[PDB]
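Encoded as structure tokens, the structure appears first; notes follow it.
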Amino acid sequence: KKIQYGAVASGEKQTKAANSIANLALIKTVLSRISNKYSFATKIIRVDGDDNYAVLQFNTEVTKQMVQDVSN
Amino acid sequence: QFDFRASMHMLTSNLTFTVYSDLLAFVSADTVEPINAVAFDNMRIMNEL
């Protein structure tokens, strides 16, 4: 069975040096679109393949609604 | 004796309040960029190179 699969190939030499590019350059974009509603100032964006975190520092104290409306 | 007419009273208070306990939940402070952080004299702290 020959299945067409044009996506990324986990198993190249490239599979970790370009999972840290393609995931940093993705989350640098999705952190730009949520700044139309909440104005913040991001501090670090650490990325490890898929698994990444990105600390956001706000103006006010973080409440139970800014956590819910960023996760949404 | 329970003299009724001499024992009523008119209790005068207000109509409505809105009691707020904590006040610094309203302001939202910021900080300028810490390389432009100014001491009590108007040069900057950690100025040297």
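In the structure tokens, each chain is lettered A, B, ... as it comes, each chain's residues begin at 1, and ligands are numbered from 1 in order of appearance.
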* Can you pull out every residue within 10 Å of residue A:47, counting only C-alpha atoms, but drop anything in the same chain fewer than 2 positions away, and send it as a list in words? => residues 19, 20, 21, 22, 23, 24, 25, 27, 44, 45, 49, 50, 51, 52, 53 and 54 of chain A
Generate the output file for the selected residues, C-alpha atoms, as a compact mmCIF listing (two decimals), in the first residue's frame.
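Output saved as part21.txt:
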```
# COMPACT_ATOMS: atom_id res chain seq x y z
CA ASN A 19 10.88 21.17 14.43
CA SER A 20 12.41 23.93 16.52
CA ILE A 21 12.14 26.38 13.63
CA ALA A 22 8.65 25.44 12.45
CA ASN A 23 7.26 25.53 15.99
CA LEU A 24 8.94 28.74 17.09
CA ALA A 25 7.88 30.47 13.86
CA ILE A 27 4.00 30.27 18.01
CA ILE A 44 10.66 33.76 26.82
CA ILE A 45 9.53 31.41 24.10
CA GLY A 49 10.06 20.19 18.87
CA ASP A 50 6.35 20.12 19.62
CA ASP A 51 6.62 20.74 23.36
CA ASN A 52 6.91 24.48 23.95
CA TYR A 53 5.96 27.11 26.49
CA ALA A 54 5.86 30.89 26.24
```
* To do: Write out as a list in words all residues of chain A that backbone DSSP assigns to helix (DSSP H, G or I).
  =>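 Assigned to helix (DSSP H, G or I), within chain A: residues 21, 22, 23, 24, 25, 26, 27, 28, 29, 30, 31, 32, 33, 34, 35, 36, 64, 65, 66, 67, 68, 69, 70 and 71 of chain A.
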All residues 10 Å or closer to stretch 33-37 of chain A, only C-alpha atoms, same chain fewer than 4 positions away omitted, as a compact mmCIF listing (two decimals) with N, CA and C atoms, in the first residue's frame:
```txt
# COMPACT_ATOMS: atom_id res chain seq x y z
N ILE A 27 4.48 29.66 16.78
CA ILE A 27 4.00 30.27 18.01
C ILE A 27 4.40 31.73 18.12
N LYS A 28 5.32 32.21 17.28
CA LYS A 28 5.54 33.64 17.18
C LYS A 28 4.41 34.31 16.41
N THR A 29 3.62 33.54 15.67
CA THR A 29 2.48 34.07 14.94
C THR A 29 1.20 33.96 15.77
N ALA A 41 3.38 41.38 27.31
CA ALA A 41 4.77 41.53 26.92
C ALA A 41 5.44 40.19 27.17
N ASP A 69 -9.83 33.42 28.96
CA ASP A 69 -9.95 34.05 27.65
C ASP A 69 -8.65 34.06 26.87
N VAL A 70 -7.54 33.59 27.43
CA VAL A 70 -6.36 33.33 26.62
C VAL A 70 -6.34 31.88 26.16
N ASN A 72 -8.95 30.27 25.51
CA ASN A 72 -9.92 30.23 24.43
C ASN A 72 -9.47 30.99 23.20
```
For chain B against chain A, with a cut-off of 12 Å and counting only C-alpha atoms, what is the closest atom pair and its distance in Å to one decimal for every residue that makes the cut, ordered by chain and number, as JSON lines?
```
{"residue": "B:24", "atom": "CA", "partner": "A:60", "partner_atom": "CA", "distance": 10.1}
{"residue": "B:25", "atom": "CA", "partner": "A:61", "partner_atom": "CA", "distance": 8.1}
{"residue": "B:26", "atom": "CA", "partner": "A:60", "partner_atom": "CA", "distance": 8.7}
{"residue": "B:27", "atom": "CA", "partner": "A:60", "partner_atom": "CA", "distance": 7.7}
{"residue": "B:28", "atom": "CA", "partner": "A:60", "partner_atom": "CA", "distance": 4.9}
{"residue": "B:29", "atom": "CA", "partner": "A:59", "partner_atom": "CA", "distance": 6.3}
{"residue": "B:30", "atom": "CA", "partner": "A:59", "partner_atom": "CA", "distance": 6.1}
{"residue": "B:31", "atom": "CA", "partner": "A:59", "partner_atom": "CA", "distance": 9.1}
{"residue": "B:32", "atom": "CA", "partner": "A:59", "partner_atom": "CA", "distance": 12.0}
{"residue": "B:33", "atom": "CA", "partner": "A:41", "partner_atom": "CA", "distance": 11.4}
```
* To do: Give the strand (DSSP E) residues of chain A, as assigned by DSSP on the backbone, as a ChimeraX atom specification.
  => /A:41-48,51-57
* Asked: At what distance in Å, to one decimal, does atom CA of residue A:55 lie from atom CA of residue B:22?
  -> 27.7 Å
